[PDB]
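Naming follows writing order (A, B, C, D, E and F), and every chain is counted from residue 1.
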């Protein structure tokens, strides 16, 4: 029993140079066997005779999606971690500057929402992936959807301050 | 009436010992001096245990069922208390100074570090009856060479890991069969080992010492025999570790130093999560919640208590009390909070139910001598030794007025107008009374005529006549208002301290230095009657003095007295450890309360143990301060002839026990006494003490519920009033329907009117049935609100308790629904377009 | 009759008083969330509000 | 300080100081101690001070 | 002295035998009744921003830099009962059907069944940070369903005359959080009708107002004069 | 704004503020340059007047108490 994760040709060279830190938790912590098909540009994970294949698939799928090495190791460990993918889909007007509104100047809005909601976000052209806990993904996604659908920067930043406080608060 | 019990201990959130949380960490248990306070932090309330150690307590633990507590004092007299019944189960004397006590996680054993022996006893049941000897000893291990500083149980209650002043730490199995798994000792520290903890899986052992090293011990090979794998250091140079704890599940090491700084680390990687400071005094206690989210720190020098959540960097509470330095108190005009004027120069406004301080005010640069409320809880006046009276708005929290004299004197007592135009203050070095207007700030008058220091001032609340009384053995009555400038001096037998004034202004009760409380008619200036109180005063013997408590003249008089609000009783306290209350018609002692049994305070024992009196001096006047482990308490910086200065380190004697102010509650049948241990709050409650009112043989709870089931509602209500049983009154009260509240409330007899009013008050403060309680209040005020007005002082504490319900829960709810109505009308009536 | 007409007049004036309170604080609050500033960090936020507060200086006596 | 404590705080006060205090505006929630409750939710400046 | 004994006669209404009376939950369905809980929960909800701003330390604590980013989630194995440690149970809106929260799922199911009793039970259950964090995230963007489901859930709530100070603060928290979008698409039919029937039930709350007005005015007159 | 500082001439100010609020656009009123140094000046005065008129309604119930006594008279 096996899984195949297709590595796109824009995350291929980081996979090869950081490959030597990717396969050791895949081959001794997880006890899988791992091959990298250079023909199909894919990663194959097979099970030996001696429920972790989905964990390894999510590990390399996070790296495939665009999350860094330590972020992917954080997904491989830390059972309470999830990752949500969505396109914008809500062109000059709407597509070419809603993503500029998520980013901001030097990505400071994305950095602010990452630190406020304790997720971390990779923003493609229009493909947003979010790695966090369940409630953390909920709040980061609500704020990202907010500032692609139109909200004032004061409103989204006040909501970010408030969500940081209430997510870290007991009671 | 007279059946007061010790309810609460306001002030002093922490004195000495370890903080504990509950298991479901809602309450925290804090060692105040020899009591234990328990503050419920979610249900915002608080209580203090009634029992009392004879010295300052040093160790606290309660098991994680929450069902029983054990508290050990600073020479090993343990007390096991039932935590739910609030009654003490056993008194057990361990023979020497126990550093720590801990229950097991499975509750069934406890262990304690008595000297250099770790002794494990097994916990008696809460369901079993009290025996002569309930504790059955499991074992006593002796492997340390000096005193043990800490215990730690493992997660399974299987091993125990103890840390000593001797520079090691040891692990002991509980039972004999696992003796080979736990026989190692952990050396390598340069100083006292302050803590030794397991990891979550019990594979790593962390040992933290006083000099600042934490060692990680692992069962590895260099066979397998507990190597040390990494030493981490705090590198705090001058400061050193005072308290350590570890939450093993969240891997959180919390460490407090002797400089107020505490750091909290994520331990096996040793990454500083946070570092911040309580203050400048050392952190004597760190304790952690069961989920590891709250950290309670206690510093013992200023008596302060933090609980702090480290994720959301925020203080759940940051409180600080006052040991021994509290000059005055005043109830708020509804009995919800008490204002405390304290000798370090500050005002503190303590909530009574939740035992915490809401606001504090530091604008006096010296010891605040008196506080007094005015303008019905809106303004509050205080006078201090720095020469100033000043006024405080309790809305905007601003000192808006400051009154000085012209002569540079220090003020010791004050009195405000009812119609608060004029404040008045008297000193102990000037013989005049200073009369200031409050509207403008000027000095309106200086009343003269005493030939001795004006000890006490009070304005009559009804006819507004001023009564001052001074150490020239004279009470004096000044008609200030309206063209009189009239003075009436009443002489009395000895020099007066603590005048007090009836709520109707008819009479004035003075306390004298003879030991008596004399009561005078104001308008016809002749004595109505006196109480002779100097033979029902408990005056203890100090340690330093060479004259018996019988022949002493130190404290056989009352320096503070106060009327009850029906005018019929006087509570009184002084520089002695008895507070006494009397009923002024009969001039007889209703009840006397022993305010402390702490032998760490001075004037408590009347008879001192003759074993402690040696061939040269008593053994408690010998200062063993250089036998101390470090310099900051080997230091003696007590300048010699200092009495009642500041900074308890600067006086060299034991703190004497004394009550500095007594006041009755304006709303509910209680009194507060500002002792040295804190604000002692004594209150009755009607749940206990069957005290009927003219019942006959046919008046019975069975008869009352038959009359309720047969729906004679008025007969059921008056049967429950004649029972005077709180559950029965509540049952009938809730069973009467809304259709006939006004018929019952109009047919209530007039002798049961203060009972139903004070019941509705003490019920409706916390009950949820807001419209039911307001229907009953409306029906009672409409049906019988003329009897109340012509019998004001009977319903003077039952009506103040009712408008403590209307303005404090019902008006807040009405404010919320009003704001919702108006935001709706705006949000739908106006134009939001772009 | 006096009770009904007097209380009707008083509730009629405090109706528009409460309306104006909630409307004016809505106006101020939507101006704030339009263009107040951008601080997510609470310490920099509280120092920004302390620098932008209303100050008034009072003559106290020591 | 130590002369007052030695004198057992019977002293004669400092003469006079008409000082000058700046108070910012803020909620009196924020002007309080750290505890779960509060006592007043006004603003520290009067309407005639705003 | 440690337990309570029954005053029931030996020879040779269990609350009345044990001298207690557990006060019943509400006396009549036409009577307003607060929550069975602390009185301070209303004030904590209404002003929890300024209370926490008070509760912050005066300067920022000294952390490290090589601190793990998922420190709140990286526990071990006394279990945390917050809104952050909440797992989903068991095709793109703000919350998919695999990633619906408990509050949003119960709100939707109550919008199906037209009975929000379980929603209101969850609301009266959880803590003020959880209440603010659930009300502040309520899909105020394209068709406005979750806002109007919350509003007529509060309508069904304060029709029942229980917990009504909490239902009042939940409406205040709604108007505070995103009453600007309700003011924006004012005259929208669904949200205007939801506010209309909320006002239809809420306008019968002046019983409490003139009841406390009578009690305050007459109590003051009787005590002073 | 400066009529609302009286307790006498304040009703005229409240009616004019109310008709401005219910006849203009709220986004326009907010984004006019200068309309926060006015509405922050006159929120606390309206709150002061709300407290005063609400206490007038509170002490208006002595008429209701006198009526219930006058009906108890027989």
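We adopt the following convention: a residue touches a chain if its C-beta (ideal position, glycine included) is under 8 Å from a C-beta of that chain, and two chains touch if they have at least 3 such contacts.
The chain lineup, named per UniProt: B = Periodic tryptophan protein 2.
Visitor: Tell me which chains count as touching both chain C and chain F.
Guide: Common neighbours, chain C/chain F: B, D, E.
Visitor: Which chain is in the middle, if each chain's centre is the mean of its C-alpha atoms?
Guide: If we average C-alpha coordinates per chain, B lands closest to the whole-structure average.
Visitor: Go ahead and name the chain pair joined by the largest number of contacting C-beta pairs.
Guide: B-E
Visitor: Once you find the CA centre of chain B and the CA centre of chain E, what distance in Å lies between them?
Guide: Distance between chain centres: 33 Å.
Visitor: How many angstrom lie between the centres of chain C and chain E, each centre taken as the mean Cα position?
Guide: Averaging C-alpha atoms per chain gives centres 25 Å apart.
Visitor: Roughly how far is chain B from chain C, going centre to centre by Cα mean, in whole Å?
Guide: Distance between chain centres, rounded to whole Å: 37 Å.
Visitor: Residue numbers in chain B touching 2 or more other chains?
Guide: Residues 42, 44, 291, 293, 311-312, 314-316, 318, 365, 388, 404, 781-782, 785, 818-819, 821, 823, 826-827, 829-832 of chain B touch two or more partner chains.
Visitor: Touching at least two other chains at once: which residues of chain A meet that condition?
Guide: Correct list: 155, 165, 168-171.
Visitor: On chain C, where are the residues touching two or more other chains?
Guide: If we look for residues of chain C contacting two or more partner chains, we find 18-19, 21, 23, 26, 30, 33-34, 42, 60-62.
Visitor: What are the touching chain pairs in this one?
Guide: Every pair of chains in contact is listed here: A-B, A-C, A-E, B-C, B-D, B-E, B-F, C-D, C-E, C-F, D-E, D-F, E-F.
Visitor: Can you list the chain B residues touching chain F in their complex?
Guide: 781-783, 785-786, 826, 829-834
Visitor: In the complex formed with chain F, which residues of chain C make contact?
Guide: It comes out as residues 2-3, 6-7, 10-11, 13-14, 16-21, 23-28, 30-31, 34.
Visitor: So in the complex, which bits of chain B are touching chain E?
Guide: 42-44, 82, 85, 87, 89, 126, 200, 248-251, 266, 271-276, 290-291, 293, 311-316, 318, 701, 705, 725, 727-728, 730-731, 734, 737-738, 766-772, 774-775, 777-778, 781-782, 785, 788-789, 792, 796, 799-800, 802-803, 806-807, 809-814, 816-821, 823-824, 826-828, 830-832
Visitor: Spell out the part of chain E that touches chain B in their complex, as residue ranges.
Guide: Of all residues in chain E, those touching chain B are 1-3, 13, 15-16, 19-21, 23-24, 26-28, 30-40, 42-43, 46, 52, 55-57, 59-64, 66-68, 71-72, 75-81, 165, 168-169, 171-172, 175, 179-180, 182-186, 192, 195, 198-199, 202-203, 205, 207-209, 211-212, 214-216, 218-220, 222-223, 225.
Visitor: Under the definition above, what is the set of chain D residues touching chain C in their complex?
Guide: 14, 16-26, 45, 49-50
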